[PDB]
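Only one chain comes next, encoded as structure tokens, the form deposited without the ligand.
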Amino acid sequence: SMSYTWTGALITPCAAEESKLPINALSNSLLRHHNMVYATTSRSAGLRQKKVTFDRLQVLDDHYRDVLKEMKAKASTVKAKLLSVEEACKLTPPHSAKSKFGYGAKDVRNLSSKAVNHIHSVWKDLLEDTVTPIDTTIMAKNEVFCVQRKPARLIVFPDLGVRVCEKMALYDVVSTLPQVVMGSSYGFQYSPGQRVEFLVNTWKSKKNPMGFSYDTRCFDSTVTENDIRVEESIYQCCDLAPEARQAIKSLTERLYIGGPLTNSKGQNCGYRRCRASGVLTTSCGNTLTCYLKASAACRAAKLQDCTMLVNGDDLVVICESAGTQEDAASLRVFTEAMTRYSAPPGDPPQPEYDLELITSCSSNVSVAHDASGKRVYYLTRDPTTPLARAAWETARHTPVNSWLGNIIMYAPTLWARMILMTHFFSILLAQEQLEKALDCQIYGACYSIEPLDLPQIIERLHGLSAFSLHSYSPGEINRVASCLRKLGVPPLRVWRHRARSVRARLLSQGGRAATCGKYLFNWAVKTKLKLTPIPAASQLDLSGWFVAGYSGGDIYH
């Protein structure tokens, strides 16, 4: 069937959009080639509409059905609980798009009677109606990039009332079933250090390791009604409260499978017959689907001893090599299978025999050295998009602080430490806003974070060695330096000098701000210290931090 049908109504913005990088007094201190940075807007939504619209055909064979039978057997061991309206409400972001029924996100979180009364009747309607398609809003994402211009990603999402109900019925399933079904292959269960650990141990576990990533063209569009149905049969394998089963079935038939698309102005835009990107189960269902197709494709291509790592639509496979040219032929057979399954490639997969050349979740493993000269593997990425985004956040306050999220995910990296930490801690000092909490996303879920808790969070996540890394690899140092040339970012030498200043200004304030100077910026001094564990770090509730993915999922912690 066609992934989408369109009436020709435009996808409309909910407010004023900017596409050129706003500039302020701080802008040039970070990035000077302002014209290489842009933000996607709703002005380009029509090209994405063309791009995500095509016919899917699926040919499902025994390898496909065998794997599914395996996954369901695992799924059968999962017990999930219904969440209460109250529990579901506190998972709602403070800033989540308001209902069309006279209440917003803060209404939800306060368990206000208007919100709770509406939520109860959506629930009841779900239990009493398994047919009537549920309405969705279609919007264009404003995301910041660097000239390669990409058209805007789209977001399709049901009303605030449906979204609370979704959590009641499926929050516990989507958090817990994926690890049980996919085991160590489920990606969102790992912190960045645990991901590096798994990749390395896996690579080492092969007699002759080969690895490749597989990038599907517009994954959401390739998801068919069969797929969304298949993943419901997985869910329904769980031990469930009868109200949960009924609601999951209802949400599957009415919403997950398909539904009408309405713009921010109230006009019908068309019909969806593929994955909606703004539903709770988006991440879990894409992960499951990508894992089923790929697993099944590993058998068609007779790839030997595969260890897959899947995060939504993002897939890396590490297997036993069969010889370079035979690996090349293998992957072509992998791709013909994936294609039959309705998941053809963007870029054709390539075999890699150097772990550090594999990109997965936009990231690669690299090596540096700790205080003792020990080799230590860490996760990193091309800093271009991080830097483009930080330029923007340098002038405009945004719903998500990518700089903050990147500091946490890439704390051990050359670029996060030397540039991101230096830049934004300088900004925060001048506004006296270190204790002001800021929203970032980690694995698609929203978190409110104090810049001041950074060294404690970084210690827990990556360990004290993130504050001591040095002697980075030549390829990593070159990729960073070269990105800086491209973007017009001061060279790493300038950052070091600025950081001695930021460090000094931080220690001057004493307390936690000083701990920030001490731990985050110890790399910037000759008279560097011994970094002992932070006392208050065990008091942090880092439970629930790397357990599941919830992108599109409207989840707050």
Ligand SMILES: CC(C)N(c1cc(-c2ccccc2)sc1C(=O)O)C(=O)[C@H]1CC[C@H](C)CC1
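Numbering starts at 1 and follows the sequence shown.
In terms of unmodelled positions of the deposited sequence, the stretch from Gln148 to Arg149 in this entry skips 4 to 9 residues.
Higher mean CA B-factor, judged across 155-163 and 348-356 from the recorded values: 348-356. Just going by the entry, 292-300 versus 424-432 on mean CA temperature factor gives the higher value to 424-432.
Taking the deposited Cα B-factors for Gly187, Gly463, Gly444, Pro260, the highest one is held by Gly463. Comparing the listed residues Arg229, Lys249, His369, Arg340, the entry records the largest Cα B-factor for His369. When the modelled residues of the chain are ordered by C-alpha B-factor, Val67 sits in the lowest third.
Per the PDB record, residue ranking by Cα B-factor puts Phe101 in the highest third of the chain. Annotation for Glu393: C-alpha temperature factor in the lowest third relative to the rest of the modelled chain, per the entry.
Ranked by C-alpha B-factor against the other modelled residues of its chain, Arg375 falls in the highest third.
In the PDB entry, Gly278 places in the lowest third of its chain by CA B-factor.
This protein has a second form, the form solved in complex with the ligand, left out of what is shown; the following refers to that one.
Of the residues given (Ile234, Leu469, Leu160, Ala244), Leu469 alone sits with a heavy atom within 4.5 Å of the ligand in the bound PDB entry. Just one of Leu60, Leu492, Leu507, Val67 comes within 4.5 Å of the ligand in the bound PDB entry, counting any heavy atom, and that one is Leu492. Contact here is defined as any heavy atom lying within 4.5 Å of the ligand in the bound PDB entry, and by that definition each of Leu414, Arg417 and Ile477 is a contact residue.
At a distance threshold of 4.5 angstroms between non-hydrogen atoms, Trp523 is in contact with the ligand in the bound PDB entry. Shown alone, this chain has one stretch from 417-425, 108-116, 266-274, 226-234 that lies within 4.5 Å of the ligand in the bound PDB entry by heavy atoms: 417-425.
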